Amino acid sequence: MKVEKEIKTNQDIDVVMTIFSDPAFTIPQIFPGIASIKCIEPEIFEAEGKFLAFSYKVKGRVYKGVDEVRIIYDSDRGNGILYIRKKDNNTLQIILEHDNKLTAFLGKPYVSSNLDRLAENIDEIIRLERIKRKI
């Protein structure tokens, strides 16, 4: 069970991919109603969010590969994998697969709203990221 979004960017695609490898950027930008994020080390996070009446606590690990970021996560609302894949110099694909059908049904519109927002505002978002991070 998956929801996907293509993102077009004119920002340096490898800086973009690197920023998406930081869960402190990616988890709050995509998951529903994230209110807390803790980066234990660069590749490990915990976060808390809420959508509707449902609070949740999610934690996971980031794996970097060739042209790919894979975030493996587990939560009290089901477990999954978030992929960020570079498709070419100007394009990436985000794919979120989640193992809990009920949670997927309720969470999907929040996730989709976040992916649409990211797609529509990616280069302005990344420009301000790069100023703060100095990359």
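Sequential numbering from 1, following the sequence displayed.
Undergrad: Could you check which stretch, 39-47 or 52-60, carries the larger mean CA temperature factor in the entry?
TA: It is 39-47.
Undergrad: Tell me which of 97-105 and 24-32 has the higher mean C-alpha B-factor in the deposited entry.
TA: Result of the comparison: 97-105.
Undergrad: Taking the values exactly as deposited, rank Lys2 by C-alpha B-factor within its chain and report the matching third: lowest, middle or highest.
TA: Highest third - that is where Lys2 ends up once the chain's C-alpha B-factors are sorted.
Undergrad: Lowest, middle or highest third: where is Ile71 by C-alpha B factor in its chain?
TA: For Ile71, whose C-alpha B-factor we compare with every modelled residue in the chain, the answer is the lowest third.
Undergrad: Based on the deposited C-alpha B factors for this chain, I'd like to know if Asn114 is in the lowest, middle or highest third.
TA: Lowest third - that is where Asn114 ends up once the chain's C-alpha B-factors are sorted.
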